[PDB]
Every structure is written in structure tokens, then in C-alpha cells.
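This is what each chain is made of:
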Amino acid sequence: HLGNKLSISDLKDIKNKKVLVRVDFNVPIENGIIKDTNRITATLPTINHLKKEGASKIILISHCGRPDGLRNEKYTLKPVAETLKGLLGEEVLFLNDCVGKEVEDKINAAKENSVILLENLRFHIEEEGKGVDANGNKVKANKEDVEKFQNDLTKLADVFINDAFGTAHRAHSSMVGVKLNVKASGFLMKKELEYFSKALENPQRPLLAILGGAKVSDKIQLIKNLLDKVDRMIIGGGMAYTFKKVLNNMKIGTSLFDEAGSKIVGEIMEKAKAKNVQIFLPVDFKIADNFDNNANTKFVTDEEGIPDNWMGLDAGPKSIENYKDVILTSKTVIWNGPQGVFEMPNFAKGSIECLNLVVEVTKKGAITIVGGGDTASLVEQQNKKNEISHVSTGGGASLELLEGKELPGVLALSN
Amino acid sequence: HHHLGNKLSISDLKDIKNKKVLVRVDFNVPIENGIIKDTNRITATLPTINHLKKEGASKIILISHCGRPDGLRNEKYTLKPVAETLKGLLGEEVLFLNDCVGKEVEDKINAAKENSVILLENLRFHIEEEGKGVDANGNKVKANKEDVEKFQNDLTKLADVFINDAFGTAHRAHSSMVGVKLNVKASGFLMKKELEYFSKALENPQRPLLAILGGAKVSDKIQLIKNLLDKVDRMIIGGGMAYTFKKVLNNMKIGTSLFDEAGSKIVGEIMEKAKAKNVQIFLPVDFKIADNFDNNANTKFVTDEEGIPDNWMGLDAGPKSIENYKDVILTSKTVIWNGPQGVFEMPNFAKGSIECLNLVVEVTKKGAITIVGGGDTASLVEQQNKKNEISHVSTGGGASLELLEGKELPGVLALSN
């Protein structure tokens, strides 16, 4: 369902054909200067394979930020065109509009084998389907108009390449609209599906999910679905104290208690025993007398519990130790979830040590996947990106996929 | 299972007399130059405020959001003009405060008429409400987790009793929805009514329970369709979707009509589950087709067997399919409706959805419980002004969808029992 999709590295003879590539260019910009060039850098291998493979034109469509169907100086793709010139060694044509009888007239009769970037897709209301007007009121797009926009994209090119995995969860016009015969994943999309398929379709057992973060309540379905696929789970960092008070009536102090989530842990634990999943909650905690880096700290176990005005912010050394046997015996791991407040040096040991083990287990041969933001922020703070099998770029779609969702942008691809 | 409804409400709440009550309201309302162009959402909270008022209550502190300011004070989304509207509706003074937490707010709340209504400014001006935001430049910014902690405990300081009358942001776990850690957490009159009808229809419904789904895409409604098939007895799939179903299942010559490439790959899986679960599926059998996606185009009628000629498109259900709604709808004892049966925004292609609506009106009077999932289906009921002829027109976008998709709704879970 997820790993049998047509990819760019199979498109026999794309020579002399017009290619539309949906890319992810949602980059940090600050006074017209791109603060982080990492996306777009990631786009080159697909742009380049199209170059060396023939290809009359290479049309690039993407979005930046959330402009909500209105034009907006703040979210232009123009500085992205500037950067691409330095990275390709050629002039890049940047057009101020996405669709029209005039833009397909500037693509045609523009240097052969060249790349063209079109202006932000979300400047049109018909990309998403909904907008907000000049005053800040939700506007909905005419159905006639969305249909027209999708027809206009479809006639910009001959072949559609989708290299924007971070939007595949949205059923937007660029995801489900380009109705050409050949619809293939770019290299980025390819690598996303390849690994997610490797861990979700037919993984090699045991299969571990490391979950973490503050709330239990937004990660309900994320847990529910996983308990079907997963062999073992580590629940940690914040959401653990909710599990602890509800299951072991542990004294929690002023630790983050998720009242919405507290209602459902019983349900989760029932499904867990039912699906035969090992659970591994923390067994001990580093606690502090105030939620900041520079506060007094000590250690308590699950049975001693937490003093009445103190709070747990990281797993204790024994829980850390306890995930030596859990991670190292696993032949595939899905992470996504810090094991405490890693942004805070003192209360970071847990997440850092967890990473060291995942790096190690990858070295031992296992397949490892890092999920959303935060966890990736850690992987990138530590500069360990490629000691892990895969770190998913964009947590919109990666969460949804791990959640059990279908992903419209993946289904729109050929086979 | 079980969690929806059987929750607490203002109704059946003793000991409200002399208490500071924090009410989470839905004031996300259309505005131009400080002039609220539709006050429905505001008048809707009047029962809640009134009952609280009429019960004692030292203070009635209102917290809400307007639009998507993304964690920054932004003038186009200030709640000030609402306070001006509430003054007109309650016939008294209403205190509007620029902040929503902190030292000063708590003091200025305390020194105010001992039965007063106070409106605090847009929650979403604080990054900690949603949890994420965007900075002045346009780049995504994530909130510090200890700042959320302070924000959530600050809102809890504001009052003694919490009342949540903002179904519609129940599907999101924002600070104002799961952060007010007070002993008494109860639903408002609007919330109570949402929770009441959905459980009435999704837990122990009068059978036969009918779902009516419609719209352009089928690729985004997969989770909706799937979760509904294990609780429903009848289902009508209409307008836009229908074609994607008709080409996959009946090999229909479909014309230029809307085809969902993403969705066609799932039609199979759906019909298998529908048969497994013994759910009758109803699909249009004739169509109104045009030679152009435009009102006042050329129109004629064709059966699915005749098929749509090339370069023509189906834009509405045909007369026999419309006629065929009678027996499906009028024999149902409970109806869930989330999707128009055609391009109803064009008079020429609205006969389907309108005639559907009249039949849903007709079965309500026959004693059935009818619910409009709405958004797009809602605006039709509005346009026809028949919002009263239906048991419940859900006043919630994504929260009603995620509930009908079988998800959990943090806002709800966080209420007392």
C-alpha cells in the first residue's frame, strides 16, 4: 500500500519532456536572507537526475509558510530562486504566478533543459481549498475554481514528480490535482516511503517504538495504531507521570499531569496486554524544585515518589540503564519522543543517552526512524543525522502515517 | 467506547453562588473595521452567561480566540469589538482586559462589580495557547514547555469553576482546553447540546441509522467513511465522490467529471467493509451533466448505464436518484449528514441537495434525530434558513469531523463526570 509506488529512478526516457516537481521549500527567511538552506539543498539530487536525464524543462512548485490564499511579501519564493542559482551554477527563471495561459508561454521558450520556479502555491486560495480574506475571515474557494487551478497545473508539464513528503497528509491541489499519467516520487519522497514501509509494512522483529513528550492526550491515536504493529514500547518524558499516577498510584508532586489523557491510559494498557506488547515505563526520576535549568535536583524511584512541591523532568539513572536491553535487542526502532526536557542541559541526560543507544543499535545493523520535530531537533543539535537509518523531514505527514492515516499525496502516485 | 456524553454540565451544578467562573467560549466571529458582521456565535453563549449570572457568581471571566494570529498580538484579531457587542446583549458594562494572564489581570478582575462579566483578550496572542506559533519574520516557532506550564497554571488561578462552551476546538489539546486544572470542569449549554446529540447518534441510536456523505474528494474522507461503517446501517455517497465510486465499481463512462485518483485506490477496501458490516450503500443511478463547469451551461440527463459523453461532466444527481432518496431517508430513525449531493452553489445543480434537505426536514418531524456535520452542508441549511427544522446542526468544523472519524476530542475528555 505504501512501498509499491513509482519512483523517479525508474522513469525510463524522460528525455525532452516537461517535468513538474512539487518540492518542499518552507524555509526560514529573515529580512530576505534564507537562514537555513537545508531544504532545497535536499532537492538537488532529484533536480540533477532530471537534468542529466534529458528533460526540456524543470518546473518547480512549492509553498512557504501559511499565506492563506493572499499575496504576501513575507512568504515569497524569490529568495529561494537566488539560492538555487548558486547551487545549480545556472540562471533560474522565477515567475510571479503559478497558473495561466501566460506562464505556460514563458516556460515554453525559456532556455532548454533549464529550471523554473513558480511563486508560492498558497498565494492562490485554490491550493488549499480555503483562505482568509483581507480582514481575517475564513473564505472558501469556488469548486469551479479549484477544478480550473488543477487543470492549469496538469497542463504545465508532461510528467509529475512529487518530492514533498511533508504535505502528503493534506489533500491539496498540488498533492491530488496534477492528473498526468506518470506520477513519481522524487528521491526525498522515495527515501521517506522506503523506510516507513520498512518499519510499518513488513518490519524485522523485534520492533520498538520510543514515545515521549508532555501530553498523552494528543498522542492517543498515535499510540493506539502502533500497539498493532509494535513489539515493545518505551513511554517516557512527561506523559509517563500520568501513566504512573493512574496505574501505580505513584505520588507525582507538581509534575505535568494530563487530565484528558489520564482517562484513557487504562484503555491503552488493556490494548497493550491484548496485543502482547512489553511496556517499560520509567522506574526512577530526576526531580527538581522549580521548572528551570538552575534549580536544586535529586533522584527518587517510582516507590519513593515525588515530594509535594517538586516535579520530574527526566528519567533517573536506573531507567536510563533499563533501556540498554530494550533498544539493543530491537532490530527496528521508531523513535519520535524525547525522554525529558532536553532543551535544558541538566534534564537532558535521558534523551541524550537514548540517542547514543539508537546510534549504537543502528551500527549493530538495525533500522531506525526518527519521527517528528523535537526528537529531530535533538538529533540535529547533536549533529547525528546520518547515524540513524532515517530522520523524517516534516512531522505533518510522518505523525499521520504513524497514526494509521492513509496519506492522500502518497495514494495519488503511480505504481 | 462510552466516553461521549454522561459528562457534567452547568445544568445540574449546585453551589455556583459566589464563585469566579471561567468560561471558554467560541467567539471566532466574522469582522470588518471593528463591526461584527454576524453575531450568532455570541448570542449563542447568552444562555450560558445568563444561567451563571442568574445563579450568583462573583465573576464571569470569558476566554476565547479569534482567527489564527499565531502567537502574536495582531490587531485584526482583537476581541474588543465583541465586548462592545456583549454590552448590547446583556444590557450592562463588560470589562475588556488587554492581557489574559498575570498579576494585573487577577487584580483588575477582583476589583469589579460583584456579578460582572469580563472578557479577556485573544488566547491565541500567547504562543502557549496553541503551543506553536510564528515569529515576526514568518518562521515557525515552538513555545518553551515551562512557559506553557506557567500559562496553564495562570488560567487556573483566574477562577474557582471552569465551564467549557467551546466544542469546535475540542479536537485540539490547547492550553484553554486541557490546561484549566480546576476541580469542577463542566460543559456549557452549547457544548452540552453537541455532546448530547452525537452520543445519541453514535452510541445507542434508533435504528436504522443513515449516513449521508457528499463532496468533491473521497481521498480526505477515508477515515470518516471507514469509522462510520462500523456503526451505521445505511449510507448514501453522493456528488463528486459518487463518480470515483461509479468508475471503479461499475466501469462507468464518467466524462470530464471529478475523479479522485488518490481515492479510487480505496473504493475497493470500502465496499468490502460495507459488505462485511452489512451496511447498505446507495449511489446515484442517473445524473445531471453539463458541457461546462458553469451555471447556465448546457445540461441534459443520463443514467450510469448510458454513461456521460466525452467532454461533459456530472455536476448533480438526476431525477430518479433524487426520487430514490425518499425511501432511504424517510425510513431512517436517525440521520447523520455531512456533504452536499452536488454543486449546490449553482442553482442549476442544487436540486439534489435541496430536495435532500427537505426530506431530512420531513423525517425530523416524523420523529427522527437528524444531525448536520456541516461546514459546507451547514451553509446550505443556513441559505435555506432551515436550521430549526433539524434536530442538531453541529456548530463545529474539525471537532465534529474528528468525532465522526472516531477520534477522542481532548476538550471533552478533560471535563468532569
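- Method of determination, as given in the entry header: X-ray crystallography; reported resolution: 3.00 Å.

What to know about the side chain of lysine 405 of chain A
- With respect to the helices, strands and loops of the structure, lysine 405 of chain A is situated in the loop between α16 (395–403) and α17 (408–411).
- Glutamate 405 of chain B provides the closest opposite charge to the buried, unpaired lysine 405 of chain A, separated from it by 4.2 Å.
- For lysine 405 of chain A, the contacting residues outside a window of four places in its chain are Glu400 of chain A together with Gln223, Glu405 and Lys407 of chain B.

Some words on the sheet that holds strand β12 (residues 234–240) of chain B
All names here are of chain B.
- Taken in spatial order, the 6 strands line up as β13-β12-β11-β17-β18-β19 in an open sheet, and their pairing is parallel. The open sheet terminates on both sides in strands that have one partner only, identified here as β13 (280–282) and β19 (392–393).
- Bridge analysis of strand β11 (residues 209–215) against β12 gives 6 bridges, and the strand direction is parallel. Residue pairing across strands places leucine 213 opposite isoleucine 237, the latter belonging to β12.

Some points on the packing of aromatic side chains
Residue and element names in this part refer to chain A.
- Scanning all chains against the criterion turns up 4 aromatic pairs over all chains.
- A centroid spacing of 5.0 Å and a plane angle of 40 degrees characterise the contact between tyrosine 241 and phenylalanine 285, whose relative ring orientation is tilted. Highlighted residues: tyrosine 241 in helix α9 (residues 239–248) and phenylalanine 285 in strand β13 (residues 284–288), separated in sequence by 44 residues.
- Across from the ring centre of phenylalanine 257, 5.6 Å away, lies the NZ or CZ of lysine 245, which sits over that ring.
- The residue whose ring lies beneath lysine 286 is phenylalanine 347, and the NZ or CZ to ring-centre distance is 4.7 Å.

Thoughts on the domain arrangement of chain B
Residues and elements named next belong to chain B.
- Each domain of chain B was delimited in the assignment, giving domain 1 (5–190) and domain 2 (197–405).
- Buried area between domain 1 and domain 2, summed over both chains or domains, comes out near 550 Å², and the portion from carbon and sulfur atoms is 62%.
- Contact with domain 2 buries area across many residues of domain 1, yet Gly5, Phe167 and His171 alone supply 71% of it, more than any other trio.
- Linking domain 1 to domain 2 there are 0 salt bridges.
- The interface formed by domain 1 and domain 2 includes 1 residue pair in polar contact.
- Of the residues that constitute the side of domain 1 that touches domain 2, the class distribution is 2 nonpolar, 4 polar and 1 charged.

Let's talk about the UniProt feature "binding site: Mg(2+)" in chain A
- Sequence positions flagged by UniProt for "binding site: Mg(2+)" are, in local numbering, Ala214, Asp218 and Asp374 of chain A.
- For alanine 214 of chain A, the location among the structural elements is in the loop between β11 (207–213) and α8 (220–229).
- For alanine 214 of chain A, the contacting residues outside a window of four places in its chain are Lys219, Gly237, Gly238, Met239 and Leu256 of chain A together with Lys145 of chain B.
- Within the fold, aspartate 218 of chain A resides in the loop between β11 and α8.

What about the UniProt feature "binding site: ADP" in chain B?
Residues and elements named next belong to chain B.
- Residues given the UniProt feature "binding site: ADP" here are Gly215, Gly239 and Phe344. In terms of the greatest pairwise C-alpha distance, the residues named above, spread along 130 residues, form a tight cluster of at most 10.3 Å across.
- On the secondary structure map, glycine 215 appears in strand β11.
- Not counting residues within four places of it along the chain, the set of residues in contact with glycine 215 comprises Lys221, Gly238, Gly239, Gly240, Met241 and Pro340.
- Along the chain, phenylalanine 344 turns up in the loop between β17 (334–338) and α14 (351–365).
- Since its relative accessible area comes to 8%, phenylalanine 344 is described here as buried.
- Residue contacts for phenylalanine 344: discarding those within four places in its chain leaves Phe349, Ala350, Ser353, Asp376, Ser379 and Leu380.

Calculation rules
Residues numbered from 1 in each chain as written, not as in the entry; some residues may be left out. Chains lettered and ligands numbered in written order. Heavy atoms only, no water. Residues with missing side-chain atoms left out of burial classes, pairs and counts. Helix = DSSP H or I, 4+ residues; strand = E, 2+ residues; numbered from the N terminus. Buried < 20%, exposed > 50% of the residue type's maximum accessible area, 1.4 Å probe, protein only. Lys, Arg positive; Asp, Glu negative; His and termini not counted. Salt bridge = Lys/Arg side-chain N within 4 Å of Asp/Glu carboxyl O. Contact = heavy atoms within 4.5 Å. Pairing = 2+ DSSP bridges. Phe/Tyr/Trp six-rings, centres within 6.5 Å; stacked < 30°, edge-to-face > 60°. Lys NZ or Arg CZ within 6 Å of the ring centre and 35° of its normal. Domains from an automatic or database assignment. Buried area = accessible area lost by both parts, 1.4 Å probe. Polar contact = N/O pair within 3.5 Å; in protein donor to acceptor, adjacent residues only side chain to side chain. Nonpolar A, V, L, I, M, F, W, Y, C, P; charged D, E, K, R; others polar. UniProt positions renumbered as here; feature names shortened; annotations may be inferred.

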